[PDB]
Every structure is written in C-alpha cells, then in structure tokens.
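Novice: What would the 3D arrangement of this be:
(one chain, ligands or ions: 1)
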Amino acid sequence: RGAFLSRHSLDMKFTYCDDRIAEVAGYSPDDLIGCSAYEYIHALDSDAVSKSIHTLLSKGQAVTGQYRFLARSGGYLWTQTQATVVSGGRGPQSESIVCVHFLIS
Ligand SMILES: CCCCCC/C=C\CCCCCCCCCC(=O)OC[C@@H](O)CO
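Specialist: Numbers count the residues shown, from 1 in each chain. Sharing the structure here:
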C-alpha cells in the first residue's frame, strides 16, 4: 500500500524513509535518518549508483540499475530506485532528492 519512498539531501543522507523499512530490512526509519545512503550500497554497486546520481543531478531524474542495499542484519537486498531532484525554493544549494524504491528480490 503506497509506493516505498525516501528523501535525501544532496549528500544522500536520509531525511525521510518509509516506515516499511522495518518489514523489509530490519531498520526503523529513525535508524537511517542522517546517514548517507552511500554507506548502505554494496561496494560492488557503488560506482554504478554514483553514475546514476550524476545523471540525476544533470538531468533531474534517473533510474538505477539493480543494486544491493545493506540490511540491518548484514545481508543485502536487491533493490532498484527511481529518483528526482526537488527544488528547495532558495536556489541550487537548496535542492533535495526524492526516491521511489522497488524490491527486486
Ligand atoms: C538515482 C538515485 C539513487 C539512490 C539510491 C540509494 C538510496 C537509498 C537506498 C535504498 C533505501 C530503500 C531500501 C529498501 C527498499 C524497499 C522497496 C520495497 O519494499 O518495494 C516494494 C515494491 O517492490 C512493491 O512490492
């Protein structure tokens, strides 16, 4: 029920995470807020996710390939993300990011 969303600052720190993160990955949203999403991407997928983020910032929207997200248990979930920038109202420095996520496995 409802798309699985997150919000981030430009450094990819979570500012919001869907509550269902507990059901899916063990975290509560409180565990992730203020933490950079880069820390939760499997090292094998980090470069590809960065390239997607570069496209996101250039074009304004991007879709990742499948990638591995670090669950609280230490295992990884295969995920995929569509994202957009969102103007902050104060100029370029105020931009933020909104994501919708999909579980691949
Ligand atoms: C380009 C920016 C790319 C930024 C990528 C990095 C940002 C955040 C890391 C991922 C956080 C969410 C993980 C759990 C996702 C669960 C999704 C979920 O449960 O989806 C159900 C759906 O498949 C319908 O069944």
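Novice: wait, what's in contact with residue 17?
Specialist: 6-7, 27, 29, 32-33 (Cβ atoms under 8 Å, 6 or more residues apart in numbering). To be clear about C-beta, it is placed using only N, CA and C from the backbone, and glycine gets the same treatment.
Novice: The chain against the ligand: which residues are in contact?
Specialist: 4, 6, 24-25, 37, 40, 49, 52-53, 56, 62, 64, 69, 79, 81, 83, 99, 101-103 (Cβ under 6 Å from any ligand atom).
Novice: Out of the residues you listed, which end up buried?
Specialist: For the residues of the chain next to the ligand, a neighbour count by 16 or more other Cβ atoms under 10 Å gives the buried set as 4, 6, 25, 37, 40, 49, 52-53, 56, 62, 64, 69, 79, 81, 83, 99, 101.
Novice: quick one, strands of this structure?
Specialist: 4-8, 14-17, 61-63, 67-70, 76-86, 96-103 (DSSP state E).
Novice: Kindly reformat those as a markdown table containing distance to residue 44.
Specialist: Formatted as a markdown table, those follow (distance: least, Cβ to Cβ, whole Å):
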| stretch | distance to residue 44 |
| --- | --- |
| strand 4-8 | 21 |
| strand 14-17 | 22 |
| strand 61-63 | 19 |
| strand 67-70 | 7 |
| strand 76-86 | 10 |
| strand 96-103 | 18 |
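Novice: Tell me which of the ones you listed lies nearest to residue 45.
Specialist: Closest approach to residue 45 among these (Cβ to Cβ): strand 67-70, 3.8 Å.
Novice: gap between the closest one and the chain center?
Specialist: 10 Å (Cα atoms, centre = their mean, to the nearest Å).
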